[PDB]
Amino acid sequence: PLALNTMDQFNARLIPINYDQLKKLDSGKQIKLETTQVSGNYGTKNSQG
Amino acid sequence: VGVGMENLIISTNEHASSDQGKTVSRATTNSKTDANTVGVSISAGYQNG
(Lines give C-alpha, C1' and ligand atoms only; values in the text may rest on other atoms or scores of the structure.)
Protein backbone atom coordinates (compact mmCIF):
# COMPACT_ATOMS: atom_id res chain seq x y z
CA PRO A 1 0.00 0.00 0.00
CA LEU A 2 1.01 3.58 -0.67
CA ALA A 3 2.14 5.89 2.14
CA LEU A 4 0.16 9.01 3.07
CA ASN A 5 2.30 11.08 5.45
CA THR A 6 2.00 14.68 4.21
CA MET A 7 -0.74 17.28 4.59
CA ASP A 8 0.50 20.21 2.47
CA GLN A 9 0.20 20.86 -1.27
CA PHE A 10 3.87 20.10 -2.04
CA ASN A 11 4.36 16.94 0.07
CA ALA A 12 6.73 18.77 2.43
CA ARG A 13 4.75 18.99 5.74
CA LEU A 14 4.03 15.99 7.92
CA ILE A 15 0.73 15.32 9.72
CA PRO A 16 1.05 16.23 13.43
CA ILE A 17 -0.88 15.15 16.52
CA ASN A 18 -0.89 16.64 20.00
CA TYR A 19 0.00 15.10 23.37
CA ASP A 20 -3.52 13.98 24.33
CA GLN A 21 -4.04 12.23 20.99
CA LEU A 22 -0.69 10.47 21.37
CA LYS A 23 -1.67 9.32 24.87
CA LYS A 24 -4.99 8.04 23.50
CA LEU A 25 -3.12 6.13 20.79
CA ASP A 26 -0.75 4.64 23.36
CA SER A 27 -3.76 3.59 25.47
CA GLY A 28 -5.08 1.27 22.74
CA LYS A 29 -7.33 3.58 20.72
CA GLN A 30 -7.15 3.23 16.95
CA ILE A 31 -7.39 5.74 14.10
CA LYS A 32 -10.13 5.29 11.49
CA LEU A 33 -9.97 6.45 7.88
CA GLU A 34 -13.01 7.68 5.94
CA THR A 35 -13.31 8.69 2.28
CA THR A 36 -15.25 11.92 1.71
CA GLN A 37 -14.75 12.50 -2.03
CA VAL A 38 -12.68 11.20 -4.95
CA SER A 39 -11.50 13.25 -7.93
CA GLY A 40 -10.65 11.77 -11.31
CA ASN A 41 -10.83 12.13 -15.06
CA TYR A 42 -12.44 10.30 -17.97
CA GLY A 43 -11.20 9.83 -21.53
CA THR A 44 -12.49 11.45 -24.71
CA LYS A 45 -11.29 11.94 -28.29
CA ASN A 46 -10.13 15.14 -29.98
CA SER A 47 -9.95 16.26 -33.61
CA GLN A 48 -6.46 14.74 -33.92
CA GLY A 49 -7.67 11.29 -32.82
CA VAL B 1 -24.66 27.12 1.58
CA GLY B 2 -23.90 27.35 5.29
CA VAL B 3 -21.19 26.00 7.58
CA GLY B 4 -21.73 24.55 11.05
CA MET B 5 -19.03 23.65 13.56
CA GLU B 6 -19.29 20.44 15.58
CA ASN B 7 -16.04 20.27 17.59
CA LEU B 8 -13.10 22.44 18.62
CA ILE B 9 -9.72 20.91 19.50
CA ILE B 10 -6.90 22.84 21.21
CA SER B 11 -3.26 21.74 21.01
CA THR B 12 -1.07 23.64 23.46
CA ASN B 13 2.40 24.48 22.12
CA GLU B 14 4.31 24.17 25.39
CA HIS B 15 7.72 22.49 25.64
CA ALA B 16 8.38 20.09 28.52
CA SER B 17 11.80 18.71 29.43
CA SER B 18 13.23 16.37 32.06
CA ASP B 19 16.86 15.82 33.05
CA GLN B 20 18.56 13.18 35.20
CA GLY B 21 22.16 13.36 36.36
CA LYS B 22 24.72 11.54 38.49
CA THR B 23 28.12 12.63 39.81
CA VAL B 24 31.04 10.92 41.55
CA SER B 25 34.16 12.70 42.82
CA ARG B 26 37.24 12.04 44.94
CA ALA B 27 39.56 14.50 46.69
CA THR B 28 42.93 14.01 48.41
CA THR B 29 44.51 16.55 50.77
CA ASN B 30 47.93 16.70 52.44
CA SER B 31 48.69 19.22 55.19
CA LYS B 32 51.93 20.31 56.86
CA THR B 33 52.19 22.76 59.76
CA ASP B 34 54.72 24.06 62.28
CA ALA B 35 54.06 26.00 65.48
CA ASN B 36 56.28 27.83 67.97
CA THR B 37 55.30 28.99 71.46
CA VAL B 38 57.16 31.08 74.05
CA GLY B 39 55.77 31.40 77.57
CA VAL B 40 56.73 33.35 80.68
CA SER B 41 55.16 32.78 84.11
CA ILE B 42 55.60 34.66 87.39
CA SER B 43 54.40 33.23 90.71
CA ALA B 44 54.51 34.66 94.24
CA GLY B 45 53.05 33.27 97.44
CA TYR B 46 53.41 32.35 101.10
CA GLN B 47 54.17 28.70 101.93
CA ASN B 48 56.09 28.77 105.23
CA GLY B 49 57.85 31.85 103.88
# chains A, B, ... in the order shown; residues from 1 in each chain; ligands from 1
>>> interface_residues(of="chain A", to="chain B", cutoff="12 Å", atoms="only C-alpha atoms", output="ChimeraX atom specification")
/A:16-22
>>> select_by_dssp(residues="chain A", states="helix (DSSP H, G or I)", output="VMD selection string")
chain A and resid 19 to 26
>>> atom_distance(atom1="CA of residue 6 in chain B", atom2="CA of residue 27 in chain A")
25.0 Å
